[PDB]
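Okay, so here's the structure we're looking at.
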Amino acid sequence: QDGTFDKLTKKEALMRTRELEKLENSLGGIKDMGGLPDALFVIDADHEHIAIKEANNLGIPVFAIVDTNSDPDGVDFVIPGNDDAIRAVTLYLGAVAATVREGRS
Amino acid sequence: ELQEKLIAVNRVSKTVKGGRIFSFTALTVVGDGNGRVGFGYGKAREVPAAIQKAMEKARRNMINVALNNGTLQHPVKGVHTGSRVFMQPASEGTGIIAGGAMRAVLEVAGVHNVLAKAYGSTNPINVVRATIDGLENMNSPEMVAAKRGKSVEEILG
Amino acid sequence: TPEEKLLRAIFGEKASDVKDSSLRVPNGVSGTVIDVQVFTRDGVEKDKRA
Amino acid sequence: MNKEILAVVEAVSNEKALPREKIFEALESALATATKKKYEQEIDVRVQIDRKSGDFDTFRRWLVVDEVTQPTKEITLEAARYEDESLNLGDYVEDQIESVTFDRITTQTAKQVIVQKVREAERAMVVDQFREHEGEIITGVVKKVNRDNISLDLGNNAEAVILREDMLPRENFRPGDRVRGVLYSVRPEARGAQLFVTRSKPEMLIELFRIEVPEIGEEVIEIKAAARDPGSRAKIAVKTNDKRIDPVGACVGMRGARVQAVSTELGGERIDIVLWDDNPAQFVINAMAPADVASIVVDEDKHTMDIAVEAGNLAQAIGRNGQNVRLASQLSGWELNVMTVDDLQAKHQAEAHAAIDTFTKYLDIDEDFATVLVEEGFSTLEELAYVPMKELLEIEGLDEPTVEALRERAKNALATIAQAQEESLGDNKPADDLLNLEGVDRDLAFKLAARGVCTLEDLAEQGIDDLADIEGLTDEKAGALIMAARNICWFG
RNA sequence: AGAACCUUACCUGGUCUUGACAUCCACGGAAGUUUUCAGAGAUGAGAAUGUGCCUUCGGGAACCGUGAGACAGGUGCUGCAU
RNA sequence: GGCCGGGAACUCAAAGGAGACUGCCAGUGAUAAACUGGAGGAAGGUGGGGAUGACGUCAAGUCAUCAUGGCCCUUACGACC
RNA sequence: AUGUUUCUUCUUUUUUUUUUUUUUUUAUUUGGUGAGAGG
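Structure representation (structure tokens):
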């Protein structure tokens, strides 16, 4: 973001900014956190089934928007509802954002 | 404090085009002596790193068991994959009279009086898994009272 | 120091390690300078006061 | 000569990682100051060093200003533009002046200014790079021990200070000893010690635990609070989000090895490690360790907690000189009152009796009904006056008319109490009525009201003789106030 | 990455044993050099000459031999002890 | 006869640098890696060659380079011709 | 198209053991002789 983006090798400087942006999305908003989370709000139980199995290895209460094809056993606070329509996801994301704003008093 | 306890090391192998490579597996167990106990398997290419990696997962694998005064609650079975451990509480049985790999897991759990004997293939890692599920389903009268009858007294007199 | 040997840079001469120092005189007596004589060995440049 | 300037600039730029430009600006200022000292008159001087040759030109600088206060160093914009039309306010007009010969005097001045520039560049960037150290446990060598402070050498011409309050009470350092401490403040005393180091504050304990406990450095365990009596005893509260990790066991380590390493560095300070709880009562129980707590009563309004202990545990709960309760109170943020179970019951009975007496006296209710109000949790007239009507209607035997009457009586009792005190002293009633007479300060109004002169009418009825004993009231001032009161009451 | 002898460890024969190679001990002689016979040579018997260095010179050790036991020697075996 | 003066461009000697990276164009392909061709260039897709030999294999070779654990000979399996 | 065969004989096993610092030498101008003088 400032400094060695030119200093030694221009092609290899394009390697690092090819390294950067793939790491930018995979490790997105996790770098601001540090340490383990306290809860975990999932929007699809079936698709992200690794994390629910991963979070239940530790002591993390999770929050899954579940569709009818998945299995609601590892999730603690199960939420039934559609999750493949875009307008459906903005309900749950808009609710979980505005409520946690009220919770950060 | 944690009172760690080793049971058995082993020399396992696997082969490649160059030859065969050994390693070591070492089943251990840890336990507080007052109702917490946990085992962990662990395996590595050298016995100091094998037993240390065994304990490090045994710390996270601890389970709570509810007992009375150094002995069990009731008789309880223990079946797991060719290892039928029997456990009888034996109120002041004057020592833990059990076989190998049960004498470890019962001691660090904190009991001192149980009579026990393993029926079947006396294999060490499969028999310490046999006592654990046999101990974690064994229930105190408190849990029995608060699901059934709803008096702590009359359920055992 | 680099700055002492940098006498040559701004000016010239050589280095400044040499102790620069003007022969100053001691104390104990006041006075009023009434007469100054200057004698010059022949060949030496007479300065402006001589 | 020429190439030597470039070689010096390159050597200093590479060794001190400093911009060549900043070194030249400072040499120019150094040479200007050395030039100013050769003239008997206060002149302004600019020096310019050529960046390729190392040659330098010296001026008689004339700070272009709007209004000239110093004719020897300042020139008007109109006069500056007569010489060069391109000049603006804040520029310099020059004058061909003989550059000072670079003797060992200028050389010494240049060396001093370079050293000072390096302190504000190389050393400043070193402190910026050591952002962790500025906050973590820096290590220094004791250079000097004074009565009131210890000077530490950190290397690279950085000096730190430990103040007497920042030391442990039993520490004795000698010149040459190595000392660790937290850098808790960076000020701007470049010449001397800008760095302030502590060994006594709680941050020293937190950072020692961060170094000794990897799980704290990895953010797996968090220290939520630390309370400390330096060189005697501390308490730390620890939390983890990982249910597989015991945070207390991790901080203690195998047979206490980790906590003993921290204790040894703190001169044998006793460290208690407690589990942080999000429930305040459970957290205070944990903070009171090693004393067993029998019951807790929480007063949220006073931000206080009454802690009952068994009579055998009372001395342990208080600790030596109250050290255990004080450290628990500092760790929780709550005021902690430690008493026996019998004393807590006696306190609650005395409070219940005082509430019953208050309600019987002010609400005109019987003792039986006052007892029911206290058993339902009402202790003050304010609670009865302001609590939601639904909570008062949940009490067995209260109807909506009786609750309304009880609230009206509680409000009237609160109003009467306030008015009575305001008339007795000078809070509001005498601070307006008796203080109406021009000249009455609040103190004099309360002195008048202490004699039963509570209103402006009461003051209008007085003689000078009735007020003559009031400290600060002269007969003339008494006469003026009585006449002012009479003018308002009898002639308004 | 070089066997006429040498190398060379192999063979016949002639030889010497605290030894050709190191440390140690006690004695005697500077060390060295020249030359002759006997001998296949190894060696044996000599015959001449030299007689230097530090000095406590009752010296010591650079150096040649003779006796002492420690020991020295081994291209002897086992690469499946290394 | 560079044989003599002379000369320092050139050959060469020898130091130190430039240059080749898929950098450019086209095309295909997942707009990815890349691949095929063209340009320029002394040199074009790791330019040509060398040195460099992962964990291990074969208890492969050598105790006769040397060193080395053992065991054996000691007027002898040592030493001289 | 189909292609037989590979002396003999055979192992052991991993929870108690340990290493090292001392280095080397360290205000400045003014002595005699001869004469005079003060106490």
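As given, the protein sequences belong to chains G, J, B2 and NA, one line each in that order.
Numbering-wise, the first sequence is residues 121 to 225 according to the entry's author numbering.
Numbering-wise, the second sequence is residues 9 to 165 according to the entry's author numbering.
Numbering-wise, the third sequence is residues 896 to 945 according to the entry's author numbering.
Numbering-wise, the fourth sequence is residues 1 to 492 according to the entry's author numbering.
Here a beta-carbon is modelled for each residue, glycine too, at the ideal position from N, C-alpha and C.
| field | Alpha-carbon to alpha-carbon, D343 (chain NA) and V284 (chain NA) | value | Counting from 1 along the fourth sequence, the entry for residue 284 (chain NA) is found at position 284. Counting from 1 along the fourth sequence, the entry for residue 343 (chain NA) is found at position 343. If you take the alpha carbons of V284 (chain NA) and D343 (chain NA), they lie about 19 angstroms apart.
| Do the stretch 316-335 of chain NA and the stretch 286-300 of chain NA make contact, defined as three or more Cβ pairs closer than 8 angstroms? | Touching, yes.
| said: Using a Cβ distance threshold of 8 angstroms, determine whether the stretch 322-332 of chain NA contacts the stretch 354-365 of chain NA, with at least three qualifying pairs required. | reply: no
| How should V220 (chain G) be labelled, buried or exposed, when 16 other C-beta atoms within 10 angstroms of its C-beta is the threshold for buried? | As a working mapping, residue 220 (chain G) is identified with position 100 in the first sequence. Flag for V220 (chain G) reads exposed.
| query | If you compare alpha carbons, which of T455 (chain NA), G135 (chain NA) and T198 (chain NA) is closest to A420 (chain NA)? | reply | Here residue 420 (chain NA) refers to the residue found at position 420 of the fourth sequence. Nearest of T455 (chain NA), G135 (chain NA) and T198 (chain NA) to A420 (chain NA), Cα basis: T455 (chain NA).
| Does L902 (chain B2) have its Cβ less than 9 angstroms from a Cβ in chain NA? | Locating residue 902 (chain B2) in the third sequence gives position 7, where the first residue counts as 1. At least one chain NA Cβ lies under 9 angstroms of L902 (chain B2).
| Nearest-angstrom Cα distance between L128 (chain G) and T137 (chain G)? | Within the first sequence, residue 128 (chain G) is the residue found at index 8, counting from 1. Within the first sequence, residue 137 (chain G) is the residue found at index 17, counting from 1. Using only the alpha carbons, I get a separation of about 14 angstroms.
| field | CB contact flag (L123 (chain J), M146 (chain J), <9 angstroms) | value | Residue 123 (chain J) sits at position 115 when you count from the first residue of the second sequence. Residue 146 (chain J) sits at position 138 when you count from the first residue of the second sequence. No, Cβ-Cβ distance for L123 (chain J) and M146 (chain J) is not below 9 angstroms.
| Same chain, Cβ closer than 6 angstroms to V160 (chain J), five either side skipped, listed in chain order | Numbered from 1 along the second sequence, position 152 holds the residue referred to as residue 160 (chain J). The answer, listed in chain order, is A153.
| query | What does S916 (chain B2) touch in chain NA if you count any residue whose Cβ is under 8 angstroms from its own? | reply | Locating residue 916 (chain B2) in the third sequence gives position 21, where the first residue counts as 1. Neighbours of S916 (chain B2) on chain NA: none; closest Cβ ~10 angstroms, over 8 angstroms.
| query | Based on the DSSP secondary-structure assignment, which residues constitute the bridge partners of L152 (chain NA)? | reply | Here the question's residue 152 (chain NA) lines up with position 152 in the fourth sequence. Beta-bridge pairing links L152 (chain NA) to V142 (chain NA) and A160 (chain NA).
| said: Considering just the uninterrupted stretch of the beta strand (DSSP E) at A126 (chain J), what are its terminal residues? | reply: Taking the second sequence and counting its residues from 1, one reaches residue 126 (chain J) at position 118. In this chain, the beta strand (DSSP E) harbouring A126 (chain J) covers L123 to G128.
| task | Output, in chain order, the set of chain J residues within a Cβ distance shorter than 7 angstroms of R244 (chain NA). | result | Stepping through the fourth sequence from its first residue, residue 244 (chain NA) is reached at position 244. In chain order: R68.
| said: For chain G, check one thing: does any of its Cβ atoms lie closer than 9 angstroms to the Cβ of residue 497 (chain NA)? | reply: In the structure displayed, chain NA extends from 1 to 492; residue 497 (chain NA) sits before or after that span and is not available.
| task | Out of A385 (chain NA), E132 (chain NA), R210 (chain NA) and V113 (chain NA), point me to the one whose CA is closest to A415 (chain NA)'s CA. | result | Within the fourth sequence, the letter at position 415 stands for residue 415 (chain NA). Nearest C-alpha to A415 (chain NA): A385 (chain NA).
| task | Give me whichever residues DSSP pairs with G48 (chain J) in a beta bridge. | result | For the purposes of this step, residue 48 (chain J) is identified with residue 40 of the second sequence, where counting begins at 1. According to DSSP, which records beta bridges pairwise, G48 (chain J) is partnered with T36 (chain J).
| Using the beta-carbon of each residue, which ones in chain G are nearer than 8 angstroms to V220 (chain NA)? | Position 220 of the fourth sequence, counted from the first residue, corresponds to residue 220 (chain NA). Within chain G, the residues near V220 (chain NA) are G155 and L156.
| message | Alpha carbons only, please: which of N172 (chain NA), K16 (chain NA) and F56 (chain NA) is nearest the one belonging to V142 (chain NA)? | response | Numbered from 1 along the fourth sequence, position 142 holds the residue referred to as residue 142 (chain NA). Selected option, being the one with the closest Cα: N172 (chain NA).
| task | Starting from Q48 (chain NA), follow the alpha helix (DSSP H) in both directions and report where the run begins and ends. | result | In the fourth sequence, residue 48 (chain NA) corresponds to position 48, counting from 1. Premise fails: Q48 (chain NA) lies in the beta strand (DSSP E), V47 to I49, not in any alpha helix (DSSP H).
| Exposed or buried, which one is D366 (chain NA) when buried takes at least 16 other CB atoms within 10 Å? | If you number the fourth sequence from 1, residue 366 (chain NA) lands on position 366. Label assigned to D366 (chain NA): exposed.
| task | Assign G217 (chain NA) to one of three DSSP states: helix, strand, or coil. | result | For the purposes of this step, residue 217 (chain NA) is taken as the residue at position 217 of the fourth sequence. Looking at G217 (chain NA) - three-state DSSP - the assignment turns out to be helix.
| query | Apart from the five residues on each side of it in sequence, which residues of its chain come closer than 6 angstroms, Cβ to Cβ, to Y92 (chain NA)? | reply | Numbered from its first residue, the fourth sequence carries residue 92 (chain NA) at position 92. Cβ-Cβ distances below 6 angstroms link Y92 (chain NA) to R46 and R61 in the same chain, with the five nearest sequence neighbours on each side left out; the list follows chain order.
| said: Please confirm whether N14 (chain NA) has its beta-carbon closer than 9 angstroms to some beta-carbon of chain G. | reply: In the fourth sequence, residue 14 (chain NA) corresponds to position 14, counting from 1. Judged by the 9 angstroms Cβ criterion, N14 (chain NA) is not in contact with chain G.
| request: Determine the DSSP secondary structure at residue 493 (chain NA), reduced to helix, strand or coil. | output: The question about residue 493 (chain NA) has no answer here: the residues shown for chain NA are numbered 1 through 492.
| query | Are the C-beta atoms of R270 (chain NA) and some chain J residue less than 9 angstroms apart? | reply | The residue you call residue 270 (chain NA) lines up with position 270 of the fourth sequence. Answer no: the Cβ-Cβ gap between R270 (chain NA) and chain J never drops below 9 angstroms.
| task | Compare the C-beta of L140 (chain G) against all C-beta atoms of chain NA and say whether one is closer than 9 angstroms. | result | Within the first sequence, the letter at position 20 stands for residue 140 (chain G). For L140 (chain G), the nearest beta carbon of chain NA is not closer than 9 angstroms to its own beta carbon.
| message | Please report whether the beta-carbon of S911 (chain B2) lies at a distance below 9 angstroms from any beta-carbon of chain NA. | response | Here residue 911 (chain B2) is taken as the residue at index 16 of the third sequence, counted from 1. Yes, its Cβ sits closer than 9 angstroms to a Cβ of chain NA.
| task | Find out if the Cβ-Cβ distance for the pair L168 (chain NA), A160 (chain NA) is shorter than 9 angstroms. | result | Working through the fourth sequence from its first residue, we reach residue 168 (chain NA) at position 168. Working through the fourth sequence from its first residue, we reach residue 160 (chain NA) at position 160. No, these two residues do not count as a Cβ contact at 9 angstroms.
| Going straight from the alpha carbon of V38 (chain J) to that of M70 (chain J), what length do you get? | The count along the second sequence starts at 1 and reaches residue 38 (chain J) at position 30. The count along the second sequence starts at 1 and reaches residue 70 (chain J) at position 62. Those two C-alpha atoms are separated by around 8 angstroms.
| query | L213 (chain G) CB to nearest chain NA CB: under 9 angstroms? | reply | As a working note, residue 213 (chain G) is residue 93 in the first sequence. Taking Cβ atoms only, chain NA never reaches closer than 9 angstroms to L213 (chain G), which makes this a no.
| request: Classify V118 (chain NA) as helix, strand or coil using the three-state DSSP reduction. | output: Numbered from 1 along the fourth sequence, position 118 holds the residue referred to as residue 118 (chain NA). Here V118 (chain NA) sits in helix by DSSP.
| Rounded separation between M151 (chain J) and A66 (chain J) - CA only | As a working note, residue 151 (chain J) is residue 143 in the second sequence. As a working note, residue 66 (chain J) is residue 58 in the second sequence. Roughly 27 angstroms between the two C-alpha positions.
| Residues bridged to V198 (chain G) [DSSP beta-bridge criterion] | Taking the first sequence and counting its residues from 1, one reaches residue 198 (chain G) at position 78. In the DSSP output, where bridge partners are listed per residue, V198 (chain G) has none listed.
| Proximal residues, the stretch 95-120 of chain NA versus chain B2, C-beta separation under 9 angstroms | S99, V100, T101, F102, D103, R104, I105, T106, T107, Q108, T109, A110, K111 and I114
| Residue interval of the alpha helix (DSSP H) (run including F94 (chain J)) | The sequence position of residue 94 (chain J) within the second sequence is 86, counting from 1. From DSSP, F94 (chain J) is part of no alpha helix (DSSP H) but of the beta strand (DSSP E) over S91 to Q96.
| task | Using beta-carbon positions only, say whether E122 (chain NA) and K16 (chain NA) come within less than 9 angstroms of one another. | result | As a first step, residue 122 (chain NA) is located in the fourth sequence; it is residue number 122 there, counting from the start. As a first step, residue 16 (chain NA) is located in the fourth sequence; it is residue number 16 there, counting from the start. Result yes, Cβ atoms of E122 (chain NA) and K16 (chain NA) sit closer than 9 angstroms.
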